[PDB]
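Shown next, in structure tokens, is the structure this report addresses.
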Amino acid sequence: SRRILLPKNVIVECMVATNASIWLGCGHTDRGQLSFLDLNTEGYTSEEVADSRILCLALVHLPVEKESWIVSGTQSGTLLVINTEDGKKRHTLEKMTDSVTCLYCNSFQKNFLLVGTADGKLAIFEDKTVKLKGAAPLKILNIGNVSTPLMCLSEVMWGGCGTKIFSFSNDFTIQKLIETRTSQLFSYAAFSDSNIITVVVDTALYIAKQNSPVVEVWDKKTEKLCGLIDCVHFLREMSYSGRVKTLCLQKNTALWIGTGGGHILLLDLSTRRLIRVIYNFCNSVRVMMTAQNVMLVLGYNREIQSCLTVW
Amino acid sequence: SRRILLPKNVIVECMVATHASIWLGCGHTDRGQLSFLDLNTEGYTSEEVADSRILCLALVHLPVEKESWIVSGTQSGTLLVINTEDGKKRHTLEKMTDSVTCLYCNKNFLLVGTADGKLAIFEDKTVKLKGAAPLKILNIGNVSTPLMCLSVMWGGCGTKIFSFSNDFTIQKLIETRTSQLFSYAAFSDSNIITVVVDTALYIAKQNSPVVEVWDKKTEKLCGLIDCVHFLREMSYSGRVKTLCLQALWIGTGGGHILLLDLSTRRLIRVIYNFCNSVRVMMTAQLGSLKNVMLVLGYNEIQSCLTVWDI
Ligand SMILES: [Pt+2]
Ligand SMILES: [Pt+2]
Ligand SMILES: [Pt+2]
Ligand SMILES: [Pt+2]
Ligand SMILES: [Pt+2]
Ligand SMILES: [Pt+2]
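Just so you know, the sequences run in chain order A and B. The first sequence lines up with residues 2141 to 2158, 2164 to 2253, 2259 to 2305, 2314 to 2395, 2408 to 2462, 2468 to 2477, 2488 to 2496 when you count with the deposited numbering. The second sequence lines up with residues 2141 to 2159, 2165 to 2251, 2260 to 2304, 2314 to 2395, 2408 to 2420, 2424 to 2476, 2488 to 2498 when you count with the deposited numbering.
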């Protein structure tokens, strides 16, 4: 477990991993800047590639044809595809009607690129179609509206749009649609009336909402509230906000929770709750993900100093 | 609303009002000290009446025979009955096997809940008799589950809510630990300290900032009220110390008082720093057509009694 310091004032909007290295979208700029970090040598290189800020990233790998493409979704709705080996090979897919707020690589075996936009729409591209300039999506699901950004996808596929949890399968039709804005058992009502920022899929659905310290647990079948995890009370065992910023699952039982501060919780999901707690791991946990085995945690301190801890 | 400052370092464990004046059990002493406060003149008098700390008070009024008796249940299990008019008229009922942790006035009856999970029932008249035995003793819990609140009659014993109407059968028995699935586990695994009954059961647990709301019929959780989150709209503990219906009043471990709506579970009023710690909050009848709200808090200790009209 070592910490790699990014250059000063670098802000990381988004992250994808692949001498291990990671691709980063820069948030300290209004244009689209793509950065590359060698996890071994801690070397950092960047390049302005788009006109608007890069919101999320995805890595589409084609085993046949032996080619890896890095896909950047931008604030203007542009999907910029760049070749990993030869940067001179780059093109653009079909422009989205709003900003690209989610990029996911799914498999059904057929591979797909799911693209969630800020106007509540979900575009689906096929694995091969990513290579084609101006390529059109196979389908576009109108799940929400301009006020309900589609911000997270997890794997059947579950996703978060506004205050709704949606599900879809092979045929790409929305099967389950669960409204999480209202529940009588809510410990506090104002927290639940916020957009869902992350969804992790296990036996139940564990969701977190913007500026909310309460991780909600909903059932797939009954579509009702299974439970509540109040990070404020777990942290107090005192002025912590407990605002959840990221959720990450370990192999089967453990769930990682990054809070608005630099606190990281590790909870068991079978019969008890609390396993491990690390206070002041940073000033603010921003991203937390698993890569191939390996845990990556991107935080920032504030001038701004972004750091990437890995173990 | 007016405040009455009690003498310095006076600690009030229990409280009961009569017509205006109030009776207090003292908690700043290891013996059983009973105090009397005139709400008009703010005069304070006290007397050591028992060997162990007076834990709970009750006021048994007999309209026929025209007699008021003050009953004190203590840490040793003694039930001391004293005449309101003549202090020399005092006696002791049957000793309880553990400390008396609840006294309620409900034909009229006196319910006596003890720390070993038992509930003894006395009739209205039998309080006058020296060494009188209870009509019945219900063994609801054990030595580890104290019966600490009563409000058909509902009550709290350990982590269970019990119900009874005609004094010889425990009707409902609901386990409230089951709420571990919602908003915290350690808070739900605590003894019930207060229960208020309007349409659902609003219960609070020791060292818990979460008021649970349970259904009478389905015997399941209706809702949760997290005082920490309501207070933050920052280091407040939010530990609930008292509940009282009017709307629902909630006194917290701090000096904060919440006033919430029942039908909507919305926030009506919030009074920050009403004192340093709210301890007791109740309604009293200080005379004919006189409904009054009493709040006992404390702030090196200075206990204060705020009083206003409803
Ligand atoms: Pt991302
Ligand atoms: Pt996500
Ligand atoms: Pt993850
Ligand atoms: Pt009492
Ligand atoms: Pt009570
Ligand atoms: Pt009350």
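By construction, the Cβ of each residue, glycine as well, lies at the ideal position given by its N, Cα and C atoms.
Using 8 angstroms as the limit for Cβ to Cβ distance, is residue i near chain B?
i: residue 2206 of chain A; result: no
i: residue 2265 of chain A; result: no
i: residue 2430 of chain A; result: no
i: residue 2386 of chain A; result: yes
Examine ligand 3 and report whether any of its heavy atoms sits within less than 7 angstroms of the Cβ of residue i.
i: residue 2418 of chain A; result: yes
i: residue 2338 of chain A; result: no
i: residue 2459 of chain A; result: yes
Please confirm whether residue i has its beta-carbon closer than 8 angstroms to some beta-carbon of chain A.
i: residue 2433 of chain B; result: no
i: residue 2391 of chain B; result: yes
i: residue 2438 of chain B; result: no
In chain A, which residues lie less than 7 angstroms from residue i when you measure between Cβ atoms?
i: residue 2504 of chain B; result: Any question about residue 2504 of chain B goes unanswered here, given that chain B covers just 2141 to 2498.
Nearer than 7 angstroms: is that true of the beta carbon of residue i relative to any heavy atom of ligand 6?
i: residue 2397 of chain B; result: Coordinates for residue 2397 of chain B are lacking, as chain B steps from 2395 to 2408 with nothing built in between.
Is residue i near ligand 1, judged by its Cβ being under 7 angstroms from some heavy atom?
i: residue 2202 of chain A; result: yes
Examine ligand 5 and report whether any of its heavy atoms sits within less than 7 angstroms of the Cβ of residue i.
i: residue 2154 of chain B; result: no
i: residue 2182 of chain B; result: no
Closer than 7 angstroms: is that where the CB of residue i sits relative to any heavy atom of ligand 4?
i: residue 2493 of chain B; result: no
i: residue 2224 of chain B; result: no
i: residue 2557 of chain B; result: This structure cannot settle anything about residue 2557 of chain B, because the visible part of chain B is limited to 2141 through 2498.
Indicate, with yes or no, if ligand 2 has a heavy atom lying under 7 angstroms from the CB of residue i.
i: residue 2471 of chain A; result: no
i: residue 2356 of chain A; result: yes
i: residue 2171 of chain B; result: no
i: residue 2325 of chain A; result: no
* For the stretch 2442 to 2474 of chain B, which residues have a beta carbon sitting closer than 9 angstroms to at least one beta carbon of chain A? -> 2442 and 2443
* Taking a cut of 8 angstroms between CB atoms, which residues from the stretch 2338 to 2351 of chain B lie near chain A? -> 2343, 2344, 2345, 2346, 2347, 2348 and 2349
* Scan the stretch 2357 to 2382 of chain A for residues whose Cβ lies nearer than 8 angstroms to a Cβ of chain B and list them as they occur along the chain. => 2372
* Can you give, in chain order, each stretch of the beta strand (DSSP E) that sits fully within the stretch 2314 to 2345 of chain A and has at least 3 residues? -> 2315 to 2319, 2322 to 2326 and 2332 to 2337
* **Minimum length 3: unbroken beta strand (DSSP E) runs contained in the stretch 2219 to 2243 of chain B** => 2224 to 2228 and 2235 to 2237
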